[PDB]
Structure formats: C-alpha cells, structure tokens
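We place every Cβ from the backbone using ideal geometry, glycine too, and count neighbours over all the protein chains shown. Read-outs: derived from the displayed coordinates by stated rules, not from any lab.
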C-alpha cells in the first residue's frame, strides 16, 4: 500500500554493485591494470569489457522491452488511488536515475580524472575507462530510459505527447557517448595531453548541462501529481 | 507655463562642471599626474577619486530617493494639460542623459585614448581614468536612471510595466563598468598593451551599442505624447 | 491641454529640436565607443591609413550603426538621413577630441592625427535606401557603395602625405616620417570591404529591429 | 559581482598557510610549490575581472535556465 | 615614467642598458640632443615576453616634446621595427629635436613585440624657448621642401569641412520640414509616401550623383597635383649588426643572493675568479637601470640620472685587487634608496624571484670587463 | 625499484624561511578541513532553515 | 643547369643548381620551417622522378 521500500532496492542495487566494482579495480588497478600489453589485462580487464557491453544490450532490451509491453492499455479509466501509487513508483525510478547519474557523472568521472594524473595511458581502454565510459554511462542511460518509458506507459499526463525536458534528460546521457569520447579523440592534434580545458571536452560539458532538464521533468512530475486528484486536501488545509 | 529653461540648467551644469575638470586635469595632467608614486598624486588625484565615489553614491541615493518618493500616487486622473508639461520635463531629462553620455562615451573616452599614446600607465588609476571611468560614467548612469524613474513615476504609459528599450538604455551604461574595465584587464595575458582591437574591449563596444535603445525609448516617448491628448490639433490641421 | 492646432505645431517643433539633440548625442556617444573599442587605432595616425587594413576594416566595422538607425528612422518616420546622422556624430565626436586633446592636451600635429572622412558613403547609403525603398536593395548596392567609395573618398586628404622622401638614406613617405618624428608609445581591399559591409549592413538591419522594439515588462 | 569578488578572500584562510616562503635547495619556493614538486603527477584586478564577467554569465545562463524549466510536450 | 609599476624581475631580466650618454641637459627649441648607449638582450629572457623578433626602438617622453629626427641600432637607421637577437649586445643612438618648452624625463625604450614596453633609464632634459619657434622642414624627392608641423593641414581641414557641410546640407534639407511626431503618425494610421515626393527624390539623386561625381573629380584632381606617390614604407628590418664583444676575462659565480623584506638592499655571495693578466677590482653592479658603484673603485662622469646612481651604493666584503690567477669568494651588498624608490623591492610580488645584472670590473690602468650575472634572489624576513 | 616498510613511517619535513619546520604530509590539513566543513555546514544551515 | 632543351616522351631532363635562403627573409613569409622542393610547370607535362 502507497509507496514501498522497493525503493531500498533502487538505492542499494547501485551502491552494492559499484562498491564491488571499486573493490574490484581497487585490487586490480595495480596488478594487471597497469600494463595493458600483459595477458592479465586481456582477462581481468578486457573480458570485463565484452561481458558488460553484452549484459547492457541484453538488460536494456529486457528492461525497456518489459515495460513497453506491460504498457497500461486501458489507461483512460484507472483510479486517482493508483494514479498516486504509480506516480510514486515513477519517483523511485527518478531516484534511481539520479543515483545512477551520481555514480557515472560524479564518481567514476573525477576518478578517471585522478587516474590520468598518475599513469600515462596505454589504451583508450584503461581500467577506469572500462568502468567510467562503458559500464557507468550505459547503466545510467538505461536507468534514464526506463524511467521515461515508465512514465509514458504508466501515467496519463506523461502519456499525452513527448515531454521535451524528460527527452533532453535521458537523451543527453546517450549523446555523451562521443561527447565524452572526444575527450581523448579531440585532444591529439593540437595537444594530445588530456587537458580538460581543451575544446575536445566541451561536448561533455554541454551534454552534462542537459542533466538540468531534471528541473523541467520534476515540475512536470509534480503537475502530474496535482492532475491525478492530489494536492487539494492538506494543500487547502494549510 | 509649458516647458522652461530649467533645461538651460541641464545643458550648462555638465558643461561648466566638465570644463572645470578639463581645466583641472589641464594643469595637473603635467604636475602630479605623471608619476603616481609621488605624494602629490595621492592628494591632487587619489583624494579626487575617493571624493567623487562618495559624492556619487550620495547624490545617486538622494536623486533617485527623491523622485521615487515624490512618485505621483494619484496618477489615474491628472490633466492632459500637465501630461504635456511633464512629458516635456521628461524630455529635458533625456537631453541631460544624452549630453551626459556625450561627455562620458565620446569626450573623456577618446581623451583617455590620447593619454595612453603619450604615457605608459603607472596605475589602473591615471588622471584620465579617475575622470573617464569613475567620474564620467557614474554621472551619465545616474542621469540615465533619473530619467527612467522620472518617466515611470511621473507619466502614465511609462507607468504601465517596464520599457525594455528604456531599461536597456540605462542598464547598458551600468554594465560598462567591467565592460570598459576589462579594457586593461583582458589585455594583459596575450598582450598587455592597450590595443583597442583586442577582445578585452569588445564588452565596451557591445554595451556602447545599447545606447541605440534611445531610438526605441524616443519612439515610446512620442507615443506617450500622442496618448496624452496631443498630436491632433496641428497634426490634423496639416 | 492643447489649445490650438497652431500651438500644437509649436510643441511638435520644440520637440523636434530636443529629440534631435538626444538622438544625435546618444549616437555620438555610443557610436564613438564602438569605433574605439573595435579598432587598433588606424584612425588615430596618418601612418596607419594604409592600403590593406585601413581600407578594409574601416567601412566594414562602421556600417553597423548607420544600418541599424537606417532601419528605424526610415521605417518609422521616412526620415532618410539615418546613415549620415551617425557618420556626422562620429566625426564631430572625434574632431572635438583630436583638436582639444590629441593636439590641445598632448601636442600631436593635426596633419598627423586627423580622422578618416566618412560622409560620402553615408550619403550613398541614405539616398540608395530612399530611392527604391528596399532595404535588401540598400544592403547590396548601398553597402557596396559605402565600402567602395571610402578610400577614393579619403584620397584627396591622404595623397599629399604619400610623396616620396629619401629620409636619411631610406625611402619613406611623408606620412611615415610623421609617425617617425612625432613620438607615440590594394583596391581588392576595397571590394572585399564592400562585399563584407553587405553581410554587416544586413545583420545589423535586424539588430536595429530589436532596438526599435516597443514592449513593456513586469 | 559578489560571487566573483568574495571567491579569493573566501579561500584565503585555507590557502595562506601554503604560501609561506621556503628556500628549497637554493631557490625561493612557496610550500604549495614544494608540494607540487614533491608529490609527482604526470592580482585582485583578477577578482574584479571575474566579477565583471560573472555578470554576463549569470545573465546568459538566467535565460538558458528558462529553457530547461520549459514544460512542453511533443509528437 | 611607467617603469616602477611594471614587474621587478621583467625589468631586471629583459634588456640591460649601459654606456648611456646624453649630449646636453638643457636645450633650445629646434636644437638637437643626442642619446647614445648600448643594450644587451638578456639571455634568460622571460617567457611572458615574446622574443624581440619584431621590436621597435622608441623614446620615452610625454608625447612630441621632442621629435625623433634619427635613430640608429648598429650603424643602420631604424625607422621600422627591427629584429633583435637574444644574448646579443647592440649600440644605439637616438637624435631628438626639441619642440615644447619644459622639463621632460626622457627615456630610451624598446617596443618589445608580444606584451611590453621595455623602458630604459630616464634622464631629465630641459627645453627653453617658444613652441611657435619650432620648424620640421623636409625636402621631398619631388622638389618641394615642406614643414611637417603644418604640411597639408589646410587641405585636411577643407575636405573634412566640405564633406561635413554636405552631410549637414542633407539633414538640413529634410529638416526644413517637421521631423518627428507628425511624420511618425502619418506612417502609423494610413500610408507614409505622402511624406516624400518628386521635389524630394530629384534632390536625393542630385546628392547621390553629385557625391560620386565630386569624389572621382577630386581624386583624379588630387592625382594631377601629386602625380608621384609611394605606399607607406613598412616592414621589420632584419640583419641588425650586433656588437663584437671580447670574451670577458673575469668569471663570477652567484652562490645565494638575498634581500631583506622591508629593505633597500640586496646581498649576494660571489666567487669572482680573475683569469687574464692584471689585478682586477669590482666597480659596479647594474641591475634594473639602477647602478650601484664602489666609489673606492669607480666614479660616474656621464651625469647618469641622479635618482638611479648610487654613488657608493656597492660594498664588497673585500675589494682589494684580485690578482691574476687568483679566485675568491666575496660578500657584495647593493644598497640605495633607489631599490625601494623604483620598486625592485616589488620583486616579492613577482612569480619568478630571479634577478639579473651586469658587473663591471676594472684593472689597474682602468680598462674594464663586463660579466653578467643572474640567479635566483631569495627573500629574508626574520 | 622496491620499497619496503610502512607508509605510516614516511615523513616530509621542510623548514621555512619563517622559523617553523613542518611536515608536508599533513601540514595545514586540519585547517583545510575546518574551513570546508564550516562553510559546508553554513550551506546546509541555509537550505536547512528553509526545509 | 638543365641537361637538355629538347626531349622525347619518356626521356629524362635533369635540373641542378644552388639556392641561398636570404638572411633578411621577409616578415610576411613564414620562415621555411616546412618548405617543399617543387617544380613549376603546367601540370604533369613532366613527372618528377627524383628530387634532391
């Protein structure tokens, strides 16, 4: 009844997973992860890559696949009682997104930042690259989409047309593929050194600012709460 | 009756003041104003600065303070007979602004231009800087505001909402603080020399172009004349 | 308020003068700041009035205001002196400065620090827009003229400064000697500048639409 | 304006101890210098400038934020 | 004027000026004063200063209180910019004609390309007379002899007035009529186009044709008189002849060099070691235009500016003759108010606490050796 | 090259021209922390007050 | 020097000589840090087999 600790899943699922990761690199950062031309890299680190990409395509196909088919067809008439329960679960999806972004855009990002300072890169595939770009980012993008779709398929208001701020919020993440990938790409001609002030990194900054579309998304979410028959009891009682 | 030579004040008040200034530097440009590390600079020129800044904050507070409180409360019903007298005094304020801008943006500006050519600056506080930036500019900005406020508080039409061209016309001046101050600021890395073509000066050009909002302000002023019951006698008699 | 349609003529007249003063000095002020700020001082020195850079940048950087105030005084008053008012503002503003400061204040000859002559162009702009009242037309042949005319427009002032002198073993033009003495601290160029003025007149025609804007806020 | 100006004085209590002079092997260096030198990786006009600049940036971004507040739907 | 406020180490390690001389201290309008000397571009030129690939030999004065008649680096006249080469020493010679009565502090400065006027020592020179006396005559390759003070002045004026008048004439023509509030309203409700008509558009093209006409007439009229004309001569002179200096016979080594916080003096511990064959003594340390002398050893006669010459500013712990072959370590102190007055003491705000100077050594019969020193200079507060 | 021992053993002492001898490993650490916490708290205090 | 003035298709002609880069090189011309030894002709009326 109402909004459960199905939420506690959402918070701990990343926390545990990513804390296992931080341990995992923590021990193989040094050991295998230093010299990429050693065969212990092609097993502890490269295989890790292929594993995750595959797992991501799959879970993405399953996760989006699931929700799009369990899209509520008879949305036209379902109670305000559930138009709340659902609105709340949607908010859990957003907490999961925001948490997922934290890890990607703050944690593993500025971590890679430190890593560059301490070893000259042997590949575009350092440990922290395997984790920052090809694990961390796909995850928060998948979470992103999930939420979007949940809202579109589960709640009226959001079922009517496309939310521009919500589209920007989930597509910005996805556009950071080359944006953050041009980091090392762009910086190679004029200056190969990974200077974060270089124009090559400006795409990451622009796509990072698309996270501010969360403000427009939350405004629309709270308007979906008010349309669903809420915000009138205690609001008027105030 | 109608529009007085309270105007003659407006024209001569700057003229006298600034002609006294031009004399004043004229004699102390050479003598004290050459070597800033001499104690005759800290008296004839630095004290001049502190004096003016204080006088400006004060007169600005008094001048705007005055008019905002003597704002016509019962504006709703006052005659076209005075809706003209007032419209005219407003126009005097604009003549005072334009005159004040002349001195700031043309006179003392291109003067400082000559000064730079003839001595290498000892401070960001040369005589012509004390006068160009911290005397000349505050004055025309204060005049600017005055006019704006007069219009807002004294004339219907302008009392309804905010005139965008008039806001641009008086705020542009104020924004030129750093704009014209980046003149010497910006030009210090790539090239310290005060090259006016340098990107450091582009803010002064952009804020100088906001003076073109006078055309939108005058169009609105003449529309305020036509709304106040004017432009129908001789206009239709033509 | 308004008594007779004859006094009404008198107010509109005493307005005309007051407004003109505003319009004119507010131009002089802001237009001058613009010349200044977007310049490396070719206008200041007789020995920076060259065939490439002076001839190219000057008409281009200066079409701006004319273009903008043209888009207002003609559109809203059919007053076809938009360009030439601007130009006169800059010129007065500069002369007053060059005379009382460049000469009066610090002592540079006038034959050295005189400004560039600007009227011819502004007349072409003003008249071309007036006849065939199409802005697009002005932007193309009007700005064309403004650009082209500029150098020939200065040539009668400039030419005497370009007589050759063997100064201490080196060829120099008078103008050179001037800059050398008074101590501070090639018609493709024309075409370029005309071709460029077009995009600038154009861009600034629309910038001027905005400065004509009459909204209120909140 | 404030945001810009306050910044450096705002860091000064943290920073200052790092700027004590040391003669390190014959060369003047501040502690901070020695730190970067040791731990191996691989002037209030400045303030004013930064304040003056923040203004155009606050301003430009005030409107950028209008767009991210935008509430439309699509098709 | 304008040094002092500029970074103390820039001033120490950029250009060294020495053997400066000024032919006169007081001069009549139209008279000449000649500045001579030498300058060395310091080998350890600062990064923040573009190398002098394009530098210009200027004069440091309040405008044309003098006019520069001639300037020479090496043998060559230098009206253009010139490429100077790091490490090298050159001799210059500026020749000034007096124009404005007064007291001028004239400096010799370098226009050092990418960031910086590099200002040398300034000396006070007095001009007596009337500005109305000044002439600047020049004879062209065209026959005529003109006065640059006023040449082409009237012409300039005419053409500006003429065109200015025509600008007025145009606004004038339209402003016989009422300008704003009627013309504005006419445009508004109903069409404009009654506002401008025939008697108007004839004048429009009158002006338009008249203008193009007068421009072209004027131009090829200006081409008729003045048929011989050149373009502005410009472009950096390369191949500046540097001065051929004999290898110095003394070599010095700077071990630590310190200055006191609130102070007026810089100490340095030098190991002077005298190769070559005559007992040598130290007579001067030149640093940033400021010259510190041991007057037991050397005495300026050139009338070097009084605020920059520290008559016995320089004290050596042991300044006895240093025998040939002998080598000693000595403590040297350069001390004088000029150290605080010209703000070399402002090195404490600089991001690069390193100094640079010239030491001058003199043997028994009074011929001299110039060694250059540079080193880090470290503060001491406690 | 192989390092034997404990990181807890490491010292990086430096004597200033100001008298004091400090350990660069930890010099000014507590200060840094204080000022960041203090200001951080005040940021929280402000949102706290409204929340 | 030019080894021949008249030549048959598929035949060789060899150009030799010396060049001095002038010490007073003009400012408007980037120093020859990256220069290329080319041939001035109307296209491949000859092909450059070798250059030294």
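Can you give the Rg to Rh ratio of segment A:134-237, both from alpha-carbon atoms, with Rh computed by the Kirkwood formula?
Dividing the radius of gyration by the Kirkwood radius yields 1.17.
Counting only other chains, what is the mean number of Cβ atoms within 10 angstrom of the Cβ of each residue in peptide C:207-215?
6
Treating segment E:207-250 as a set of equal point scatterers at the Cα positions, no solvent, please give the Debye-formula log₁₀ I(q)/I(0) at q = 0.18, 0.26 Å⁻¹.
-0.77, -0.96
Report the extension gain between residue A:234 and residue A:69 in nm, rounded to one decimal, defined as 0.36 nm multiplied by the number of residues separating them, less their alpha carbon distance.
55.8 nm
Take the Cα atoms of segment E:24-111, find their three principal axes, and give me the spread along each one in whole Å, biggest first.
Sorted from largest, the Cα extents of segment E:24-111 read 41, 27, 21 Å.
Let me test this: with uniform point scatterers at the alpha carbons of chain C, what is the Debye-based log₁₀ I(q)/I(0) at q = 0.12 1/Å?
With one equal scatterer per Cα and no solvent, log10 I(q)/I(0) is -0.71.
Could you check the simple spin-label distance between residue A:175 and residue E:243, using points 7 Å along Cα→Cβ, in nm with one decimal?
It works out to 6.4 nm between the two label points.
With a 10 Å radius around each residue's Cβ, average the other Cβ atoms per peptide and rank F:33-44, D:49-60, highest first. Let's see the in-between values first.
Working: F:33-44: 11.4, D:49-60: 16.2.
Going by the mean number of other Cβ atoms within 10 Å, highest first, we get D:49-60, F:33-44.
Using the scaling law 2.2 N^0.38 Å as the reference, what is the normalised Cα Rg of segment E:96-245?
That ratio works out to 1.84.
Sort the following peptides by mean Cβ neighbour count (other Cβ atoms within 10 Å, averaged over residues), highest first: E:250-262, C:76-88.
C:76-88, E:250-262
Give the nm distances, rounded to one decimal, from residue B:68 to the matching residue in every other copy, measuring between label points 7 Å along Cα toward the beta carbon; shortest first.
Reported distances to equivalent positions: 5.8 nm.
At 222 nm, what helix-only mean residue ellipticity would chain B give, in deg cm²/dmol to the nearest 500, using -39500 (n - 2.57) for each DSSP H run of four or more?
-20500 deg cm²/dmol
Assuming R0 = 25 Å, what is the FRET efficiency of residue E:299 and residue E:346, from their Cβ-Cβ distance, to the nearest 0.05? Spell out each step's value before the answer.
Numbers: r = 29 Å, r/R0 = 1.18.
Calculated transfer efficiency: 0.25.
On the principal axes of its Cα set, how long, how wide and how thick is segment A:114-164? Give whole Å, largest value first.
Reported extents, whole Å, longest axis first: 52, 16, 15.
Can you grab the distance from the C-alpha centre of chain G to the C-alpha centre of segment A:37-63, Å, no decimals?
After rounding, the separation between the Cα centres reads 57 Å.
So what's the Cα pair-distance distribution over chain B, bin width 5 Å, in %?
The percentages, shortest bin first, are 1, 6, 12, 16, 16, 14, 11, 8, 6, 4, 3, 1, 0, 0.
Based on the alpha-carbon gyration tensor of chain E, what equivalent-ellipsoid semi-axes (square roots of 5 times the eigenvalues) come out, in whole Å, largest first?
Details: eigenvalues 720, 133, 74 Å².
So the equivalent ellipsoid measures 60, 26, 19 Å along its semi-axes.
How large is the translational diffusion coefficient of segment A:1-77 in µm² per second when you combine the Kirkwood radius over alpha carbon pairs with Stokes-Einstein at 25 °C and 0.890 mPa s?
Taking Rh from Cα pairs, D becomes 154 µm²/s.
Once the Cβ-Cβ distance between residue C:13 and residue E:191 is put in as r, and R0 is 22 Å, what FRET efficiency do you end up with, to the nearest 0.05?
Computed FRET efficiency for residue C:13 and residue E:191: 0.35.
Using only the alpha-carbon atoms of the protein assembly as shown as identical scatterers, what base-10 log of I(q)/I(0) does the Debye formula give at q = 0.09 Å⁻¹?
-1.37
Identify the residues of segment A:70-89 with backbone N under 12 Å of a label point that sits 7 angstrom from the Cα of residue A:159 along the Cα-to-Cβ direction, or state none.
A:71-80, A:83
Quick check: the distance between the Cα centres of segment E:70-149 and segment C:131-160, to the nearest angstrom?
Cα centres, segment E:70-149 to segment C:131-160: 39 Å.
Order these by the 10 Å Cβ neighbour count, fewest first: E:97, A:69. All intermediate terms of the calculation are to be shown ahead of the outcome.
Details: E:97 20, A:69 8.
In order of increasing Cβ crowding within 10 Å: A:69, E:97.
Could you work out the per residue convex hull volume over the alpha carbons of segment C:122-212, in cubic angstrom?
147 Å³
What is the mean number of Cβ atoms from other protein chains located within 10 Å of the Cβ atom of each residue in peptide C:74-86, rounded to a whole number? Don't skip to the end; give the middle numbers.
On the way: counts 3, 2, 9, 13, 11, 11, 8, 9, 1, 2, 8, 3, 1.
Neighbouring Cβ atoms belonging to other protein chains average 6 per residue here.
Starting from the Kirkwood radius over alpha-carbon pairs of segment C:94-153, derive D by Stokes-Einstein at 4 °C in a medium of 1.567 mPa s and give it in µm² s⁻¹.
Taking Rh from Cα pairs, D becomes 98 µm²/s.
Please identify which residues in segment G:24-52 have an amide N closer than 16 Å to a label point set 7 Å out from the Cα of residue G:12, following the Cα→Cβ vector.
The answer is G:47-52, whose backbone nitrogens lie closer than 16 Å to the label point.
Describe numerically, in nm with one decimal, the distance between label points set 7 Å from Cα along Cα→Cβ at residue A:55 and at residue C:48.
6.6 nm
So if we plug the beta-carbon distance of residue B:226 and residue B:13 into 1/(1 + (r/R0)^6) with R0 = 30 Å, what FRET efficiency do we get, rounded to 0.05?
0.50
Would you please put E:2-11, B:206-215, E:151-160 in order of how densely packed they are, using the mean number of other Cβ atoms within 10 angstrom per residue and starting with the highest?
Ranked from most to least packed, the peptides come out as B:206-215, E:2-11, E:151-160.
Against the longest principal axis of chain E, how steep is helix E:201-222, in degrees 0 to 90 to the nearest 10, with axes from Cα atoms?
50 degrees
Per-residue mean of other chain beta-carbon atoms within 10 angstrom of the beta-carbon, peptide C:88-94?
Rounded to a whole number, the mean comes out at 4.
At 222 nm, what helix-only mean residue ellipticity would chain C give, in deg cm²/dmol to the nearest 500, using -39500 (n - 2.57) for each DSSP H run of four or more?
Values: 9 runs with 135 residues, N = 218.
Computed mean residue ellipticity for chain C: -20500 deg cm²/dmol.
What angle, in degrees between 0 and 90 and rounded to the nearest 10, separates the Cα long axis of helix A:80-101 from the longest principal axis of the Cα atoms of chain A?
It is inclined by approximately 10 degrees.
Looking at segment E:37-82, what % of the alpha carbon pairs are farther apart than 17 Å?
So the portion of pairs separated by more than 17 Å is 48 percent.
On each of the three principal axes of the Cα atoms of segment E:237-358, give max minus min coordinate, whole Å, ordered largest first.
Result for segment E:237-358: principal-axis Cα extents of 46, 41, 32 Å.
Would you calculate, for chain E, the mean residue ellipticity at 222 nm contributed by helices, counting each DSSP H stretch of 4 or more residues as -39,500 (n - 2.57) and dividing by all residues, to the nearest 500?
Numbers: 5 runs with 61 residues, N = 382.
So the helix-based figure for chain E works out to -5000 deg cm²/dmol.
Based on alpha-carbon atoms only, what is the radius of gyration of chain D relative to the globular estimate 2.2 N^0.38 Å?
For chain D, the normalised Cα radius of gyration is 1.83.
If you find the alpha carbon centre of segment D:33-75 and of segment B:133-201, how far apart are they in angstrom?
23 Å
I'd like the orientation of helix B:137-154 relative to chain B: the angle between its Cα long axis and the longest Cα principal axis, in ° from 0 to 90, rounded to 10.
10 degrees
In nm, to one decimal, how far is the residue C:171 label point from the residue G:47 one, both placed 7 Å along Cα→Cβ?
About 4.6 nm, to one decimal.
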